[PDB]
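For reference, the structure is listed below as structure tokens.
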Amino acid sequence: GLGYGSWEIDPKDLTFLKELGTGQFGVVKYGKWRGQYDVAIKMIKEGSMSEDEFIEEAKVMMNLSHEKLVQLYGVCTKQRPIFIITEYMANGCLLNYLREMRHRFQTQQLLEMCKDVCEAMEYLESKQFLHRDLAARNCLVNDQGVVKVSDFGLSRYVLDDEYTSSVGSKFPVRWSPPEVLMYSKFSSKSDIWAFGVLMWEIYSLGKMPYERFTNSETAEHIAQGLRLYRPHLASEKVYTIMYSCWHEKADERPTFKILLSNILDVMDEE
Ligand SMILES: Cc1ccncc1-c1cccc2c(N)c(C(N)=O)nnc12
């Protein structure tokens, strides 16, 4: 349409249906686009996001597509209550899904969730794109039980300093390697560390990492070289994979390509 770039979606094409949940940019709703196509509508909360910066980045994000990566559809910009329009994921956030004991997951299903995420992450890594806040809260589950990685890179646009200061009350300390906590050194290997913690979350059925510790205590534990330990549902081989993400030296941590190989190996063996 006349006043629209390819990254831009006319909000008048949206039908709102129900609330899906919430998080750091506020509410996310389920809708239809042009009456027919399922979408999630992230209704970005006023003053929560560096919106011009994000909008520019969205243009780059439009070109990221992978089956295990939540698809960005476009953005509604002509309105500073902006909308981000994404792939609809009917089963919601992975963290809540893991915590519902009714599912009675087999460990084979849990390993597949790890592989889903790993595939998305290998893709992002092949594009030199850091997630920057990988965790179960940032993974979604579709109506087929497939896990996909969401909100990739969005922490760069969070205006709330509680989220972005490493000592900030809202920083993801529990998903952070020592070099992030100590000197804010983000890299592919910080994404690797978080993926390991994500595997732990999955095999722990959504327990909080370091659940008995405060953030400050967690940071001290980690800096001393101590680690999460083996969830009851992880085999020795699965435990080995997650633990490899937590090498004190960042350059000794695997890539997502190697981790994917390792996960496929275990799948063939177990
Ligand atoms: C993952 C996330 C990050 C930031 N703020 C909200 C969410 C979120 C919470 C619950 C449910 C959903 C959901 N169903 C969809 C979706 N695309 O369907 N997206 N985000 C959700």
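Counting starts at 1 for both ligands and their atoms, in listed order. For the single chain, residues carry numbers from 1 onward in sequence order. Keep in mind that the numbers below use all heavy atoms, side chains included, and drop hydrogens, waters and symmetry copies.
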Validation: residues 250-260 side-chain donor-acceptor distances under 3.5 Å, sequence neighbours left out:
residue	atom	partner	partner atom	Å
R253	NE	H247	O	2.7
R253	NH1	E179	OE2	2.8
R253	NH1	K189	O	3.0
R253	NH2	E179	OE1	3.0
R253	NH2	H247	O	3.1
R253	NH2	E248	O	3.3
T255	OG1	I258	N	3.1

- Item | Parallel, tilted or perpendicular: rings of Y88 and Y30 (30°, 60°) |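 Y30 and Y88: parallel rings.
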Write out the residue and atom name of the closest protein heavy atom to [atom], then the distance separating them to 0.1 Å.
| atom | value |
| --- | --- |
| atom 11 (C) of ligand 1 | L20 O, 3.6 Å |
| atom 2 (C) of ligand 1 | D151 OD1, 3.9 Å |
| atom 19 (N) of ligand 1 | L140 CD1, 3.3 Å |
| atom 16 (C) of ligand 1 | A40 CB, 3.5 Å |
| atom 17 (N) of ligand 1 | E87 O, 2.9 Å |
| atom 18 (O) of ligand 1 | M89 N, 2.8 Å |
| atom 1 (C) of ligand 1 | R137 O, 3.3 Å |

Under 4.0 Å from a heavy atom of [X]: give me the atoms of ligand 1 that qualify, with their elements.
| X | answer |
| --- | --- |
| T86 | 17 (N) |
| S150 | 1 (C) |
| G92 | 14 (N) |
| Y88 | 18 (O) |

- Under a heavy-atom criterion of less than 4.0 Å, does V70 contact ligand 1?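 No.
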- Query: Are any side-chain N or O atoms of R174 and backbone N or O atoms of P209, one a donor and one an acceptor, separated by less than 3.5 Å?
  - Reply: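 Pair found, side chain donor or acceptor close to backbone of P209.
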- Under 6.0 Å from the six-membered ring centre of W200 and within 45° of its axis: does the NZ or CZ of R230 meet both?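 The answer is no, since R230 fails at least one limit relative to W200.
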- Message: My understanding is that only one of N215, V180, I222, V167 makes a side chain to side chain contact (heavy atoms under 4.5 Å, CB included) with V173; could you say which?
- Response: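 Answer to the side chain to side chain contact (heavy atoms under 4.5 Å, CB included) test with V173 among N215, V180, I222, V167: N215.
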- Return the set of residues passing side-chain contact (heavy atoms from CB on, under 4.5 Å) with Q108 (not counting sequence neighbours), or none when no residue passes.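 So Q108 forms a side-chain contact (heavy atoms from CB on, under 4.5 Å) with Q106.
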- Between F105 and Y97, does the ring centre distance come in under 6.0 Å?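 They qualify: ring centres under 6.0 Å apart.
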- Rounded to the nearest 0.5 Å, how far apart are OG of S150 and CG of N138?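 If I round to the nearest 0.5 Å, the distance is 5.0 Å.
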